[PDB]
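Engineer: Here it is: the structure, laid out below.
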Amino acid sequence: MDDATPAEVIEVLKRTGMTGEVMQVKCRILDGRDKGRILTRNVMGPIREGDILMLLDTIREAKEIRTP
C-alpha cells in the first residue's frame, strides 16, 4: 500500500564541499516490518539528519557470467 516506509534522517554523510553531484544521507527506519533498518542513498539537495525519507524494498539483480 505505502510501498515505502516513513523514516527520519538520523545521520548524514558529508565529505568535503563539491565532490560528485549528488549528496548522500543516512536514515533509519522509524517503522515497518524491518524497523531499525538503516539504508543509505544518494539524494540531490541540502538534506541532513532530521529530514524524512522513504524506504523502498531494493531488488537484488543476478550477475551472469559470459564464457568464450
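Residues in the C-alpha cells are numbered from 1 in each chain, the chains being A, B, ... in the order shown, and ligands are numbered from 1 in the order shown.
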For residue 28 (chain A), list every protein, DNA or RNA residue within 8 Å, evaluated using only C-alpha atoms, and leave out those in the same chain fewer than 3 positions away; present the list as a CSV table (one decimal) with C-alpha atoms, in the first residue's frame.

Structural biologist:
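Final file, part_16.csv:
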```csv
chain,number,residue,atom,x,y,z
A,7,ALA,CA,11.6,7.3,8.3
A,8,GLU,CA,13.5,10.4,9.5
A,9,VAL,CA,17.1,11.1,8.6
A,10,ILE,CA,19.4,10.2,11.6
A,36,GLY,CA,15.5,0.0,12.8
A,37,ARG,CA,16.5,-0.7,9.2
A,38,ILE,CA,19.1,1.9,8.0
A,39,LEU,CA,19.8,2.5,4.4
```

Engineer: Check the smallest atom-to-atom distance from each of A:45, A:66, A:40, A:34 to residue 21 (chain A) using only C-alpha atoms, then report the winner.

Structural biologist: A:45

Engineer: Between A:43, A:64, A:48, A:29, which residue has the minimum interatomic distance to residue 11 (chain A), considering only C-alpha atoms?

Structural biologist: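 Closest candidate: A:48.
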
Engineer: Residues of chain A in strand (DSSP E) according to DSSP, as JSON, numbers by chain?

Structural biologist: {"A": [5, 6, 7, 8, 9, 10, 11, 12, 13, 23, 24, 25, 26, 27, 28, 29, 38, 39, 40, 41, 42, 43, 52, 53, 54, 55]}

Engineer: Given the selection you just returned, output its residues as a file containing N, CA, C and O atoms, formatted as a short mmCIF file (atom, residue, chain, number, x, y, z; two decimals), in the first residue's frame.

Structural biologist:
```
data_model
loop_
_atom_site.label_atom_id
_atom_site.label_comp_id
_atom_site.auth_asym_id
_atom_site.auth_seq_id
_atom_site.Cartn_x
_atom_site.Cartn_y
_atom_site.Cartn_z
N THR A 5 8.41 2.87 3.55
CA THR A 5 8.13 3.15 4.95
C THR A 5 8.66 4.53 5.34
O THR A 5 9.70 4.96 4.84
N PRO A 6 7.90 5.20 6.25
CA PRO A 6 8.28 6.53 6.71
C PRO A 6 9.45 6.45 7.69
O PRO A 6 9.44 5.63 8.61
N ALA A 7 10.44 7.31 7.46
CA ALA A 7 11.61 7.35 8.31
C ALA A 7 12.19 8.77 8.32
O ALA A 7 11.95 9.54 7.39
N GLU A 8 12.93 9.07 9.37
CA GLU A 8 13.53 10.38 9.51
C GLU A 8 15.06 10.26 9.53
O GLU A 8 15.61 9.43 10.25
N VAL A 9 15.70 11.10 8.73
CA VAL A 9 17.15 11.09 8.65
C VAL A 9 17.74 11.16 10.06
O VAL A 9 17.31 11.98 10.87
N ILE A 10 18.71 10.29 10.30
CA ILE A 10 19.36 10.24 11.60
C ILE A 10 20.82 10.66 11.45
O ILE A 10 21.35 11.39 12.29
N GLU A 11 21.43 10.19 10.37
CA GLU A 11 22.82 10.51 10.10
C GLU A 11 22.99 10.95 8.64
O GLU A 11 22.30 10.45 7.76
N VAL A 12 23.91 11.88 8.45
CA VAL A 12 24.18 12.40 7.11
C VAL A 12 25.66 12.22 6.79
O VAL A 12 26.52 12.42 7.65
N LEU A 13 25.92 11.84 5.55
CA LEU A 13 27.29 11.63 5.10
C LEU A 13 27.72 12.81 4.23
O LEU A 13 27.24 12.98 3.11
N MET A 23 24.22 14.39 -3.14
CA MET A 23 24.57 14.24 -1.74
C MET A 23 23.90 13.00 -1.14
O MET A 23 22.75 12.70 -1.44
N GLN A 24 24.66 12.32 -0.29
CA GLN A 24 24.16 11.12 0.36
C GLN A 24 23.86 11.40 1.83
O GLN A 24 24.57 12.17 2.48
N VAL A 25 22.81 10.76 2.32
CA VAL A 25 22.42 10.93 3.71
C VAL A 25 22.04 9.56 4.30
O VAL A 25 21.74 8.63 3.56
N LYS A 26 22.07 9.50 5.62
CA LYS A 26 21.73 8.27 6.32
C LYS A 26 20.40 8.45 7.05
O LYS A 26 20.18 9.47 7.70
N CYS A 27 19.55 7.44 6.92
CA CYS A 27 18.25 7.48 7.57
C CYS A 27 17.96 6.09 8.15
O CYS A 27 18.42 5.08 7.61
N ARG A 28 17.21 6.08 9.24
CA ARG A 28 16.86 4.84 9.90
C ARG A 28 15.34 4.64 9.87
O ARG A 28 14.58 5.58 10.06
N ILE A 29 14.94 3.39 9.64
CA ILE A 29 13.53 3.05 9.59
C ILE A 29 12.88 3.42 10.92
O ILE A 29 13.31 2.96 11.98
N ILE A 38 18.39 0.68 8.49
CA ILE A 38 19.07 1.89 8.05
C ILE A 38 19.66 1.65 6.65
O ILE A 38 20.39 0.69 6.44
N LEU A 39 19.32 2.55 5.74
CA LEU A 39 19.80 2.46 4.38
C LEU A 39 20.35 3.81 3.94
O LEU A 39 19.87 4.85 4.37
N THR A 40 21.36 3.76 3.08
CA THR A 40 21.99 4.97 2.58
C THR A 40 21.77 5.10 1.07
O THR A 40 21.95 4.13 0.33
N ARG A 41 21.37 6.29 0.66
CA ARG A 41 21.12 6.56 -0.75
C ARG A 41 21.57 7.98 -1.11
O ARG A 41 21.61 8.85 -0.25
N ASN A 42 21.89 8.16 -2.38
CA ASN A 42 22.33 9.46 -2.87
C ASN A 42 21.11 10.28 -3.28
O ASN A 42 20.35 9.87 -4.16
N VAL A 43 20.96 11.42 -2.63
CA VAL A 43 19.84 12.31 -2.92
C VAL A 43 20.37 13.73 -3.14
O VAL A 43 21.17 14.23 -2.34
N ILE A 52 12.92 13.55 6.30
CA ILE A 52 12.13 12.34 6.17
C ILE A 52 12.39 11.72 4.79
O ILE A 52 12.28 12.40 3.77
N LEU A 53 12.71 10.43 4.81
CA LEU A 53 12.98 9.71 3.58
C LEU A 53 12.12 8.45 3.53
O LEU A 53 11.62 8.00 4.56
N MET A 54 11.97 7.92 2.33
CA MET A 54 11.18 6.72 2.13
C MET A 54 12.07 5.50 1.87
O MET A 54 13.02 5.59 1.09
N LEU A 55 11.74 4.40 2.53
CA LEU A 55 12.50 3.18 2.37
C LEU A 55 11.74 2.22 1.44
O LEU A 55 10.71 1.67 1.83
#
```

Engineer: From the set A:30, A:67, A:14, A:35, which residue has the shortest atom-to-atom contact distance to residue 51 (chain A), counting only C-alpha atoms?

Structural biologist: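 Going through A:30, A:67, A:14, A:35 one by one, the smallest distance to residue 51 (chain A) is for A:30.
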
Engineer: CA of residue 58 (chain A) and CA of residue 20 (chain A), how far apart in Å?

Structural biologist: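 CA of residue 58 (chain A) lies 23.2 Å from CA of residue 20 (chain A).
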